[PDB]
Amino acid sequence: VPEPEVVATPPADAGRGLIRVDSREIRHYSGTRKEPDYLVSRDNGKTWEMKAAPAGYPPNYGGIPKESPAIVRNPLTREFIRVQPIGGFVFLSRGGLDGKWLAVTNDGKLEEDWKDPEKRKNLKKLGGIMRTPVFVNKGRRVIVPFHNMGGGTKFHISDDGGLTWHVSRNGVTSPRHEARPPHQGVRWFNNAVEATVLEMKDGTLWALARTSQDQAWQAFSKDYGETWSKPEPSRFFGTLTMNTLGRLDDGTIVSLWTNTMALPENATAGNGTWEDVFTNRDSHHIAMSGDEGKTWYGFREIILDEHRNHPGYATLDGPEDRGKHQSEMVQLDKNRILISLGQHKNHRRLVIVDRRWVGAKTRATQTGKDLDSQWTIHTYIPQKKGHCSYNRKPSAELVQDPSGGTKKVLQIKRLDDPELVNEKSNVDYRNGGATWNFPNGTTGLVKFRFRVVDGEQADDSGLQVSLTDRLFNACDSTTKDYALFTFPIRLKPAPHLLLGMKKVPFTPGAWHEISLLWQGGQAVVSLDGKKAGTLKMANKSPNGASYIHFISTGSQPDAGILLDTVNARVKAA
């Protein structure tokens, strides 16, 4: 099955400006303050180059340098509407992207002569931070989500193709984060911001919005956006990152988001007006639904941030926000989807994904071969750097397999590294760990191979093994508290699995395999092919399991354990 393929770096952060021109030509516009330009492919997304926009295309009067305006085709007129992420004007095309453009005036007319600064004074200016215009109701209405950081999302609405505008009665809101353990402070408050909107088959609109909770929140409209239901949590985990919904030609719904859990807030987190540090933006994910959202499949990692382990992460090539959050998509053919994702020139990417890979039911890995592409292992140096960033270290390293041969395997232990401690913030990220994604399942079988390192161990040394429904940081010792299933491998007094109350011993200094076969609210655990015990589900999930997470448990420096292979198979549902 075809794995995700990086094809280019877009000329702006992802989320706005990716637009199909015709069956073979696709563009990604930019936030340049100079003469406008775009990145273009003429082979349906495979190869790309920069090009200057023609003289009729208006500069970015509003916007910001790192974000393109959103550009959307009106399905009735086949012309385009352009709005910025913030500020500026509403432009409508006549003759397509490379035709004439006109700006919408405050009195519902079109201004052809927007190069005259005096004539720009009476142009319509839509307020707030805006996301993507979406045409709804057989193309007869266009709505543009907009927000205020603490005030919530509402919708700019036009019933005449962008000439005149009104505002929805209400929109989407979400509650402040409450500092309770394991947090030591409050998360940055965003009030249901950055909404993505999809029209459902029954005519309802579904809005999915970014929040300070553990998941995105959602509301629904029965009148094409004028009024919205009470907001509620969605099934899509994630915090303070962006959601994007779309629909393929055959009606399949696509959900793109960053499916992560941030580290718990520290003791210097601030009052929640602004962020202190980002610990959850190093991945992007996809799920799809063929039945109007009743059931979902996939929840697969599109990509991990290539810089995620590095001790210069926060400041390489300028301090601007970086990562793999934010996205926008264009279907390429029956099977393939082009996705722009991420932020910062060193991190943002255009990636082709295949729906047959989204719908796959198996995955396998070997740490020595697959660490750089598939494994999240980073710990953080807890000193804020750049803009709301931490520098990182790999929390685990590859070593020679003690059995001999050429295999390299991953050593997971409690680290002797004082640079991973901040006593004022009260965090200690010295427990190394590792986590790996697989296609989502409410029933499945995962197997992994591990070995105890021959060396000094602490009294609490071992490995906490968890199945989770989003990506928890490798160094997050609270993962078990949120997990679907979890158990410890304990090394003292002698090595054993603890499965409820049952201890199951095994030999140190030898490779062993453990299997977890989960279904509903319980999992069966096997060791070296023999049933060992059972586990009761610790937390329910709206979706199922899509990660296995391993974290060392020693509280003093130890030798730990080695991890070799993992494989997963899930049931179709």
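A residue's number is simply how far along the shown sequence it sits, counting from 1.
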(message) Using only C-alpha atoms and the B-factors in the entry, which stretch averages higher, 346-354 or 446-454?
(response) 446-454
(request) Check the entry's C-alpha temperature factors for 401-409 and 297-305, then say which stretch has the higher mean. (result) 401-409
(request) Please pick out which of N539, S546, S68, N44 has the largest Cα B-factor as recorded in the entry. (result) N539
(message) Maximum C-alpha temperature factor per the entry, among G323, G312, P75, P488, belongs to which one?
(response) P488
(request) Pull the Cα B-factor of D22 out of the PDB entry and bin it into the chain's lowest, middle or highest third. (result) middle
(message) Lowest, middle or highest third: which one holds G529 when the chain's residues are ordered by CA B-factor from the entry?
(response) highest
(message) Please place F91 in the lowest, middle or highest third of its chain according to the CA B-factor in the PDB entry.
(response) lowest
(message) Among the modelled residues of this chain, does the Cα B factor of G62 put it in the lowest, middle or highest third?
(response) middle
(message) Sorting by Cα B-factor within the chain, modelled residues only, which third would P36 end up in: lowest, middle or highest?
(response) middle
